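**Q** Questions regarding the structure given below will be posed in turn.
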Amino acid sequence: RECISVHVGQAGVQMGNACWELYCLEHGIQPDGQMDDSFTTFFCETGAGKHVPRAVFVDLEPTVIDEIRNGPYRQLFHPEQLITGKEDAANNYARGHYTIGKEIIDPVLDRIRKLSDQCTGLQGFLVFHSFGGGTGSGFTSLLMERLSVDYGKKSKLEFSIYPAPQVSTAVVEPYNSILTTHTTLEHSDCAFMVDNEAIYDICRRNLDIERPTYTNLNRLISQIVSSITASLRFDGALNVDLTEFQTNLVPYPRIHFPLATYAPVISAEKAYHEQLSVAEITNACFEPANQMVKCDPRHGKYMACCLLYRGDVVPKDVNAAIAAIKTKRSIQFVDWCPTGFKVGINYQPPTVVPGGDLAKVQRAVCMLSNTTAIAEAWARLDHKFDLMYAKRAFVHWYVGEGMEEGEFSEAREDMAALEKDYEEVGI
Amino acid sequence: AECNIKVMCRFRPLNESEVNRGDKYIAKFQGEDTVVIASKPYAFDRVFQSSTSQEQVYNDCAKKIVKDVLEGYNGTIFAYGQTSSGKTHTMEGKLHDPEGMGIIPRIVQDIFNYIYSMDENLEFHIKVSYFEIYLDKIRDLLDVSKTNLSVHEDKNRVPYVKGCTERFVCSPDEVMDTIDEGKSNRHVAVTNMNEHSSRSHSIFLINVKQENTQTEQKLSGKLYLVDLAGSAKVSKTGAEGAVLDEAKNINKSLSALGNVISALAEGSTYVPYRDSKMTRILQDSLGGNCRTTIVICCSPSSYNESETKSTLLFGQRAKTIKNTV
Amino acid sequence: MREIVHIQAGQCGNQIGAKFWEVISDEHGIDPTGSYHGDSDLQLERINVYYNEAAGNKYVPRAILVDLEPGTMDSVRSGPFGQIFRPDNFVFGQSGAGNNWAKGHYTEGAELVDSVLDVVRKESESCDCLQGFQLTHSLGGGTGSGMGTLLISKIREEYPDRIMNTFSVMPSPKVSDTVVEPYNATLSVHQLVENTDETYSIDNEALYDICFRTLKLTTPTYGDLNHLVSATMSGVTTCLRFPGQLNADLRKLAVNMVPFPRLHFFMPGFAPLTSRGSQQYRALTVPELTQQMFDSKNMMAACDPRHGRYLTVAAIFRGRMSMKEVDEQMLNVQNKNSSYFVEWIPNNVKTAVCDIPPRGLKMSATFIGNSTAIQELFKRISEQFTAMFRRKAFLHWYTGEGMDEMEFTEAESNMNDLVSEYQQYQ
Ligand SMILES: Nc1nc2c(ncn2[C@@H]2O[C@H](COP(=O)(O)CP(=O)(O)OP(=O)(O)O)[C@@H](O)[C@H]2O)c(=O)[nH]1
Ligand SMILES: Nc1nc2c(ncn2[C@@H]2O[C@H](COP(=O)(O)OP(=O)(O)OP(=O)(O)O)[C@@H](O)[C@H]2O)c(=O)[nH]1
Ligand SMILES: Nc1ncnc2c1ncn2[C@@H]1O[C@H](COP(=O)(O)OP(=O)(O)OP(=O)(O)O)[C@@H](O)[C@H]1O
């Protein structure tokens, strides 16, 4: 039981340094790089009393990579794994793929091979990135293609930060997202998505943080990515492996876009006053405003939802809780999969960072679910793409890299096929 | 006063690389007015089939342009298409062969032959020019020293190039050596899709000036022969190193004129010709006094079925354009 | 690691270029001699991106000062930070042009470009991997308009793939410091429109208007105006000089702000702009900076943004701040003023922030704006160009150097072309 990870772009390593500090404190790993089976799935054992993670941080721009080299978590990671480039992507799907991508992928390709050859319990891969920029679109789409032809059978769990309806950090992100999704449709087994304004709304109404930063956004995101793999680390009364997320959530080989939401998210003062049990969190995770994406689940239908609890939680109340969710008529499950419930448990509870914004909780849950609620989101991203594509705006840079207007139409009609597939499958 | 752009399509036989793979023959013709591709007709003026020889295309498309350019007006003939569409074989062909020769020797052979039929008083002063584009630098072929030129405006703001080669020709055989000298120094790269891959726009200009001694009426004709390159897919063609660097440059022009001719479709206000220098030399073609005739090329193979559709919608958009003759 | 080579042209370009090295020397903790006396370790982390290391822990700027007259170098060399520059880089001529574009481009420029192209070739070979170039000049006069526009074409021939940034100050109708200004502006923009990929349209008129309304300077000199424009040049190159939560290199802002090849004339701005006598009576959090950035009387250009529509906007930030207040404020400025923003783009704002702010301020930002309201400054100089050109006035000096009359008309054809582009997208 092992799993390799990879981080791409500004979005990748920014949460990667924030997630791996949460991973190390659970297994008693000090930041200096040392303190039986729980840590073997992420951390190795190098000779005697020394470990290293089974992951790599790759990014073309060197400002974030060298910050880890000069940061506090220097001795924990490998100096050679901190891969860095020499020329930035600059919100260009093509620049991180063809010109600058080709002269850096070859150190990246052979490193994953030797990193997997020394391993023996390799379950799969999971990549953290963001299609809202340049590095996470082109280079991420390139590396997944080159290892898919090599491995293929192993799973791929994508984690992208998509843009909101109205809030946006960039301006060319429809071109960046529409191009990279053309490659993601065929080779990605599953891809969990998170919206940038939704996670702000999580800490606004519940955690009452009126002025957070991206560091705080990565902490609760680290709870999500650590909870899905928490069953593999510690013992659980109902174990779930990494391949459970592929068969139980992907109804069709093209529809591989689940959602993500997490609860409870309570402050320190509110944690002592607010009761924590399975009933309130189960009603809260299916709450629409508590989701990490600005898409109304009432408009669509849940294809299948994968529950996974943590902490001391008996399997009686989790079954009685979802039985009450089935009786709720406000939600609506699709007739193609009525028994779309998959529940899991892990005895080890949710951890807590020293000085972090999240408070200690005796139990939590990470709810992943597929639905046709994002069908309007792809239609929204496609609609705004038609406005700039009609004027041929921001096109001279992409063709200035080496591409042409041909595949721009291929990405448009691919979304046109993807849109009607959500409409016909949801009947 | 106002004339539409003559749009014509040509499908070719499958090459050796395509029949070995086993591609399906998707080309379906419905007369000469349109062609059917996957139950989607595309109306044009004349569609040439794979059995169409070199001489048949020249008699149909570029025959009337010889009469219009010599009457006093201007004329422009240039092609468009993706890789392996057959633009050089359509336009240039085998210069030394009688049958396999393209539009360039067939045009200039008709000029000197037509001049022999006319009276002796019409004094003709023909002068040729040839140049390529290579990393956004207009490199001359008849002279190896100069690798870049600058475009200037004339009195009525019609753009034209300065400093280029200007050979005052008198015999038709002399032009055959000039174009032969052009292809001898023409750079060609080897790729998986095409062996003699034309990685540059081959502009061959002939400023045909004429003047009568009896009536004293001077007339000129701007005769553009420009062969476009193919939009190479890196996954299909495998561009790397210097091939991808040159593939970037040709992608500017086909995307640039795509912005211009699409802007001319709905009738935009400014029509930005200036976005690329390759579109600047074609200013007189798309909106000047030139009788333009685009000749698109599409392959009948299903491996590039999406590229043929992009060229077909490119063709029907060109029919909605009109020149201000 | 994306080294940038500085280059200067004209009198003003040497002055604001000199002020550019001065203001960034303070935040990096660089002495006037060249040694380091700062406090933070991150200053040396990306000191190589503009400076060159040397013996004794000394750092030499990678600057090349070019001016056709020798007196400009004497003032820069005798400045507070004049000795830090390399003496070999002080290349210059003897006989000035005297506000003549034909002199600095054809006759007086041809003899000096051979002496500067080999110098920048040496600097380009010294760095590990160059990103691009940034130039400072002025459309007025002959030196900055002639020498700068010439080598921009030569650098494009030698470095066609690298980024070519330019900080070009343009004339204004009310503040006219040269009789032959519209000819130089009309001849210069023919080169800036085709060669460089980025351009910052700075105005001297707004640089005086900005100092009265918020700074309240009673006796402003050129040095005070240089402080505003020098800070703008530091904001655009902050994320590669110091780490940040969201990096934005010179290319990362160029791809977002340049939607078309010819449309690259930006419009700069800076904040917080507040007088010393009213610093205590103002806050410093993010929402007051946002409304000040998009204010009409904040930018250093004389254009009325209310008379047009913004194509795209980029607001680089500096210093530790919250991301929710940053992101939410950019939503309402484009939503409440949707009429003043183009509907054919879903989002006209590019966001980016850094953690290491300037010294003496805790939160700050620099504005970069491409808008259709820029054309009003281009047609008025075109009218001054066409008004003087129609009678062939002030052309006999330019033909003496061998310049052709049609080249003024070719520039005139370029002049009405770029203004028509912004009218298309309005
Ligand atoms: N904001 C500032 N503007 C200046 C400064 N000095 C000049 N200028 C303005 O720029 C205008 C022209 O720029 P220059 O002074 O550099 C004229 P240049 O040196 O390029 O040519 P010559 O001096 O004739 O060789 C000038 O008329 C001023 O309006 C300055 O120090 N700061
Ligand atoms: N939620 C969240 N989003 C982030 C975070 N960091 C970056 N992002 C998003 O990532 C997007 C861009 O991703 P990248 O491709 O990595 O940007 P980049 O690496 O700077 O690309 P360049 O500008 O070319 O250097 C931005 O629009 C952000 O919204 C983060 O810490 N949390
Ligand atoms: N009409 C035709 N009949 C028979 N063979 C043809 C025809 N057109 C092209 N060919 C074949 O194609 C080959 C030449 O390819 P060509 O140089 O035309 O590619 P291309 O279309 O110019 O590529 P690109 O579009 O990338 O420039 C010749 O060997 C020739 O046999």
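In the structure tokens, each chain is lettered A, B, ... as it comes, each chain's residues begin at 1, and ligands are numbered from 1 in order of appearance.
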Throw together the list of residues within 8 Å of ligand 2, counting only C-alpha atoms and all ligand atoms, and drop it here as a PyMOL selection string.

**A** (chain A and resi 8-12+14-15+59-61+88-92+129-137+161-163+168-170+173+194-196+199+214-215+217-218) or (chain C and resi 245-249+251-253)

**Q** Write out as a PyMOL selection string the residues lying within 12 Å of residue 124 in chain C, counting only C-alpha atoms and excluding same-chain residues fewer than 5 positions away.

**A** chain C and resi 2-7+49-50+52+62-64+117-119+129-133+155+158-159+162

**Q** Could you save those same residues with C-alpha atoms as a PDB file, in the first residue's frame?

**A**
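Once written, again-v1.pdb looks like this:
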```pdb
ATOM      1  CA  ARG C   2      14.659  35.309 -15.810  1.00  0.00           C
ATOM      2  CA  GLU C   3      17.222  38.102 -15.795  1.00  0.00           C
ATOM      3  CA  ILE C   4      16.076  41.522 -17.045  1.00  0.00           C
ATOM      4  CA  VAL C   5      18.549  43.897 -18.724  1.00  0.00           C
ATOM      5  CA  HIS C   6      17.840  47.605 -18.287  1.00  0.00           C
ATOM      6  CA  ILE C   7      18.312  50.108 -21.112  1.00  0.00           C
ATOM      7  CA  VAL C  49      17.473  39.417 -11.746  1.00  0.00           C
ATOM      8  CA  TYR C  50      18.575  43.068 -12.226  1.00  0.00           C
ATOM      9  CA  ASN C  52      25.355  41.461 -11.204  1.00  0.00           C
ATOM     10  CA  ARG C  62      22.888  45.587 -15.310  1.00  0.00           C
ATOM     11  CA  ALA C  63      22.137  48.995 -16.827  1.00  0.00           C
ATOM     12  CA  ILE C  64      23.221  50.519 -20.139  1.00  0.00           C
ATOM     13  CA  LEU C 117      24.797  46.331 -29.474  1.00  0.00           C
ATOM     14  CA  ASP C 118      28.089  44.730 -28.410  1.00  0.00           C
ATOM     15  CA  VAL C 119      27.636  45.985 -24.828  1.00  0.00           C
ATOM     16  CA  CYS C 129      18.570  32.851 -18.821  1.00  0.00           C
ATOM     17  CA  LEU C 130      17.210  36.236 -19.887  1.00  0.00           C
ATOM     18  CA  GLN C 131      13.455  36.900 -19.885  1.00  0.00           C
ATOM     19  CA  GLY C 132      13.198  40.229 -21.682  1.00  0.00           C
ATOM     20  CA  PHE C 133      14.130  43.901 -21.848  1.00  0.00           C
ATOM     21  CA  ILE C 155      16.853  44.127 -30.542  1.00  0.00           C
ATOM     22  CA  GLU C 158      18.555  39.892 -32.496  1.00  0.00           C
ATOM     23  CA  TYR C 159      16.023  38.789 -29.822  1.00  0.00           C
ATOM     24  CA  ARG C 162      12.139  37.470 -25.739  1.00  0.00           C
TER      25      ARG C 162
END
```

**Q** Need to verify the contact set: range 266-268 of chain B, 9 Å, only C-alpha atoms, exclusion of same-chain residues closer than 6 positions in sequence. Can you return it as a list in words?

**A**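 Near neighbours after the sequence-gap exclusion: residues 320 and 321 of chain B; 424 of chain C.
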
**Q** Hey, which residues come within 8 Å of ligand 1 if we count only C-alpha atoms and all ligand atoms? Could you give them as a count of residues only?

**A** 40

**Q** Please return, as a list in words, all residues of chain C lying within 7 Å of chain B when only C-alpha atoms are considered.

**A**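 The contacting residues on chain C are residues 261, 262, 410, 420, 421 and 424 of chain C.
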
**Q** Could those residues be written to a file, using C-alpha atoms, as a PDB file, in the first residue's frame?

**A**
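This went into part30.pdb:
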```
ATOM      1  CA  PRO C 261      -0.741  41.912 -31.356  1.00  0.00           C
ATOM      2  CA  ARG C 262      -1.049  45.674 -31.974  1.00  0.00           C
ATOM      3  CA  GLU C 410       3.372  55.973 -43.906  1.00  0.00           C
ATOM      4  CA  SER C 420      -9.441  52.808 -35.353  1.00  0.00           C
ATOM      5  CA  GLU C 421      -8.580  49.516 -33.619  1.00  0.00           C
ATOM      6  CA  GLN C 424     -13.701  48.753 -33.189  1.00  0.00           C
TER       7      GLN C 424
END
```

**Q** Ligand 3: which residues are within 7 Å, counting only C-alpha atoms and all ligand atoms, as a PyMOL selection string?

**A** chain B and resi 12-13+15+50+53+81-90+194+196-199+228-232

**Q** Quick one: write out the picked residues with N, CA and C atoms as a PDB file, in the first residue's frame?

**A**
```pdb
ATOM      1  N   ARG B  12      -7.804  15.487 -53.706  1.00  0.00           N
ATOM      2  CA  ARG B  12      -6.711  14.785 -54.367  1.00  0.00           C
ATOM      3  C   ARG B  12      -6.774  13.285 -54.077  1.00  0.00           C
ATOM      4  N   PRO B  13      -6.004  12.457 -54.790  1.00  0.00           N
ATOM      5  CA  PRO B  13      -5.898  11.050 -54.387  1.00  0.00           C
ATOM      6  C   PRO B  13      -5.142  10.904 -53.077  1.00  0.00           C
ATOM      7  N   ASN B  15      -2.349   9.767 -50.575  1.00  0.00           N
ATOM      8  CA  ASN B  15      -0.913   9.590 -50.712  1.00  0.00           C
ATOM      9  C   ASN B  15      -0.506   8.198 -50.231  1.00  0.00           C
ATOM     10  N   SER B  50     -10.508  14.002 -57.430  1.00  0.00           N
ATOM     11  CA  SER B  50      -9.162  13.438 -57.411  1.00  0.00           C
ATOM     12  C   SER B  50      -8.663  13.106 -58.811  1.00  0.00           C
ATOM     13  N   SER B  53      -6.760  16.512 -63.499  1.00  0.00           N
ATOM     14  CA  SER B  53      -5.346  16.689 -63.789  1.00  0.00           C
ATOM     15  C   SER B  53      -4.939  18.144 -63.563  1.00  0.00           C
ATOM     16  N   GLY B  81      -5.010  25.647 -46.978  1.00  0.00           N
ATOM     17  CA  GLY B  81      -5.242  24.275 -46.574  1.00  0.00           C
ATOM     18  C   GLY B  81      -4.305  23.862 -45.465  1.00  0.00           C
ATOM     19  N   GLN B  82      -4.547  22.652 -44.969  1.00  0.00           N
ATOM     20  CA  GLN B  82      -3.742  22.063 -43.905  1.00  0.00           C
ATOM     21  C   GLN B  82      -2.561  21.319 -44.538  1.00  0.00           C
ATOM     22  N   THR B  83      -1.831  20.563 -43.723  1.00  0.00           N
ATOM     23  CA  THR B  83      -0.706  19.791 -44.227  1.00  0.00           C
ATOM     24  C   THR B  83      -1.185  18.661 -45.130  1.00  0.00           C
ATOM     25  N   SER B  84      -0.367  18.347 -46.133  1.00  0.00           N
ATOM     26  CA  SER B  84      -0.613  17.258 -47.077  1.00  0.00           C
ATOM     27  C   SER B  84      -1.894  17.451 -47.884  1.00  0.00           C
ATOM     28  N   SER B  85      -2.332  18.698 -48.079  1.00  0.00           N
ATOM     29  CA  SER B  85      -3.526  18.981 -48.868  1.00  0.00           C
ATOM     30  C   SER B  85      -3.248  19.066 -50.364  1.00  0.00           C
ATOM     31  N   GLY B  86      -2.002  19.336 -50.761  1.00  0.00           N
ATOM     32  CA  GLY B  86      -1.617  19.371 -52.160  1.00  0.00           C
ATOM     33  C   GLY B  86      -1.624  20.771 -52.738  1.00  0.00           C
ATOM     34  N   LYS B  87      -1.051  21.724 -52.000  1.00  0.00           N
ATOM     35  CA  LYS B  87      -1.007  23.110 -52.453  1.00  0.00           C
ATOM     36  C   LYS B  87       0.139  23.346 -53.430  1.00  0.00           C
ATOM     37  N   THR B  88       1.329  22.824 -53.125  1.00  0.00           N
ATOM     38  CA  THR B  88       2.465  22.998 -54.023  1.00  0.00           C
ATOM     39  C   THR B  88       2.270  22.220 -55.318  1.00  0.00           C
ATOM     40  N   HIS B  89       1.743  20.996 -55.228  1.00  0.00           N
ATOM     41  CA  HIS B  89       1.449  20.227 -56.430  1.00  0.00           C
ATOM     42  C   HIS B  89       0.353  20.884 -57.258  1.00  0.00           C
ATOM     43  N   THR B  90      -0.583  21.577 -56.607  1.00  0.00           N
ATOM     44  CA  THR B  90      -1.622  22.299 -57.330  1.00  0.00           C
ATOM     45  C   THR B  90      -1.077  23.577 -57.957  1.00  0.00           C
ATOM     46  N   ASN B 194       4.906  15.031 -44.405  1.00  0.00           N
ATOM     47  CA  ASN B 194       5.330  15.529 -45.708  1.00  0.00           C
ATOM     48  C   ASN B 194       6.846  15.471 -45.819  1.00  0.00           C
ATOM     49  N   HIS B 196       8.623  16.921 -48.827  1.00  0.00           N
ATOM     50  CA  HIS B 196       8.882  18.274 -49.326  1.00  0.00           C
ATOM     51  C   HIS B 196       7.857  19.235 -48.723  1.00  0.00           C
ATOM     52  N   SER B 197       7.967  19.407 -47.410  1.00  0.00           N
ATOM     53  CA  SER B 197       7.035  20.244 -46.664  1.00  0.00           C
ATOM     54  C   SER B 197       7.360  21.714 -46.902  1.00  0.00           C
ATOM     55  N   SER B 198       6.410  22.444 -47.483  1.00  0.00           N
ATOM     56  CA  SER B 198       6.572  23.875 -47.718  1.00  0.00           C
ATOM     57  C   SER B 198       6.348  24.612 -46.404  1.00  0.00           C
ATOM     58  N   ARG B 199       7.443  24.984 -45.738  1.00  0.00           N
ATOM     59  CA  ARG B 199       7.410  25.636 -44.435  1.00  0.00           C
ATOM     60  C   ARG B 199       7.487  27.157 -44.548  1.00  0.00           C
ATOM     61  N   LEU B 228       0.367  29.116 -49.696  1.00  0.00           N
ATOM     62  CA  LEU B 228       0.384  29.026 -48.243  1.00  0.00           C
ATOM     63  C   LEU B 228       0.867  27.649 -47.795  1.00  0.00           C
ATOM     64  N   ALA B 229       1.352  27.596 -46.553  1.00  0.00           N
ATOM     65  CA  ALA B 229       1.802  26.365 -45.927  1.00  0.00           C
ATOM     66  C   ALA B 229       0.639  25.701 -45.194  1.00  0.00           C
ATOM     67  N   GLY B 230       0.872  24.483 -44.717  1.00  0.00           N
ATOM     68  CA  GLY B 230      -0.141  23.688 -44.034  1.00  0.00           C
ATOM     69  C   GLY B 230      -0.027  23.841 -42.528  1.00  0.00           C
ATOM     70  N   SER B 231      -1.177  23.987 -41.872  1.00  0.00           N
ATOM     71  CA  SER B 231      -1.225  24.054 -40.415  1.00  0.00           C
ATOM     72  C   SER B 231      -0.908  22.676 -39.848  1.00  0.00           C
ATOM     73  N   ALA B 232       0.317  22.502 -39.359  1.00  0.00           N
ATOM     74  CA  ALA B 232       0.801  21.199 -38.923  1.00  0.00           C
ATOM     75  C   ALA B 232       0.416  20.945 -37.471  1.00  0.00           C
TER      76      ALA B 232
END
```

**Q** Should the cut-off be 7 Å, what would the residue list for chain C against chain A look like, counting only C-alpha atoms, as a PyMOL selection string?

**A** chain C and resi 1-2+240+243+246+251-252+255-256+259-261+322-325+327+331+344-351

**Q** Any idea which chain B residues end up within 7 Å of chain A if we count only C-alpha atoms, as a PyMOL selection string please?

**A** chain B and resi 231+244+247-248+251-252+255+259+307+310

**Q** Determine which residues of range 109-344 of chain C DSSP labels as helix (DSSP H, G or I) from the backbone of this structure, then write them out as a count of residues only.

**A** 107

**Q** For range 26-31 of chain B, find every residue with an atom within 8 Å (counting only C-alpha atoms), except residues of its own chain fewer than 4 positions away, and show them as a PDB file with N, CA, C and O atoms, in the first residue's frame.

**A**
```pdb
ATOM      1  N   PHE B  11     -10.183  18.106 -54.115  1.00  0.00           N
ATOM      2  CA  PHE B  11      -9.768  16.882 -53.441  1.00  0.00           C
ATOM      3  C   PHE B  11      -8.792  16.130 -54.333  1.00  0.00           C
ATOM      4  O   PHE B  11      -8.934  16.133 -55.560  1.00  0.00           O
ATOM      5  N   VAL B  35     -20.123  20.046 -52.376  1.00  0.00           N
ATOM      6  CA  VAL B  35     -19.530  18.772 -51.985  1.00  0.00           C
ATOM      7  C   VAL B  35     -20.111  18.372 -50.636  1.00  0.00           C
ATOM      8  O   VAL B  35     -20.310  19.223 -49.762  1.00  0.00           O
ATOM      9  N   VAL B  36     -20.370  17.073 -50.470  1.00  0.00           N
ATOM     10  CA  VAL B  36     -20.982  16.517 -49.266  1.00  0.00           C
ATOM     11  C   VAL B  36     -19.892  15.850 -48.440  1.00  0.00           C
ATOM     12  O   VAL B  36     -19.087  15.075 -48.973  1.00  0.00           O
ATOM     13  N   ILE B  37     -19.867  16.155 -47.142  1.00  0.00           N
ATOM     14  CA  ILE B  37     -18.936  15.552 -46.191  1.00  0.00           C
ATOM     15  C   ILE B  37     -19.723  15.226 -44.931  1.00  0.00           C
ATOM     16  O   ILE B  37     -20.064  16.130 -44.160  1.00  0.00           O
ATOM     17  N   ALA B  38     -20.007  13.938 -44.722  1.00  0.00           N
ATOM     18  CA  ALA B  38     -20.731  13.461 -43.541  1.00  0.00           C
ATOM     19  C   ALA B  38     -22.126  14.079 -43.454  1.00  0.00           C
ATOM     20  O   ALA B  38     -22.565  14.515 -42.387  1.00  0.00           O
ATOM     21  N   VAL B  47     -15.896  22.431 -57.766  1.00  0.00           N
ATOM     22  CA  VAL B  47     -15.216  21.414 -56.970  1.00  0.00           C
ATOM     23  C   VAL B  47     -14.476  20.490 -57.925  1.00  0.00           C
ATOM     24  O   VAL B  47     -15.082  19.930 -58.848  1.00  0.00           O
ATOM     25  N   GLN B  49     -12.292  17.020 -58.486  1.00  0.00           N
ATOM     26  CA  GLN B  49     -12.191  15.684 -57.925  1.00  0.00           C
ATOM     27  C   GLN B  49     -10.743  15.197 -57.979  1.00  0.00           C
ATOM     28  O   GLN B  49      -9.850  15.873 -58.494  1.00  0.00           O
ATOM     29  N   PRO B 300      -9.041  13.626 -48.792  1.00  0.00           N
ATOM     30  CA  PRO B 300     -10.237  12.801 -48.561  1.00  0.00           C
ATOM     31  C   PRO B 300     -10.091  11.784 -47.433  1.00  0.00           C
ATOM     32  O   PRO B 300     -10.958  10.918 -47.278  1.00  0.00           O
ATOM     33  N   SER B 301      -9.023  11.870 -46.641  1.00  0.00           N
ATOM     34  CA  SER B 301      -8.778  10.915 -45.572  1.00  0.00           C
ATOM     35  C   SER B 301      -9.523  11.320 -44.306  1.00  0.00           C
ATOM     36  O   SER B 301      -9.730  12.506 -44.035  1.00  0.00           O
ATOM     37  N   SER B 302      -9.919  10.313 -43.531  1.00  0.00           N
ATOM     38  CA  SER B 302     -10.630  10.524 -42.276  1.00  0.00           C
ATOM     39  C   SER B 302      -9.708  10.819 -41.098  1.00  0.00           C
ATOM     40  O   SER B 302     -10.210  11.149 -40.017  1.00  0.00           O
TER      41      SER B 302
END
```

**Q** Suppose you want the space between CA of residue 59 in chain B and CA of residue 167 in chain B; what is it in Å?

**A** 27.8 Å
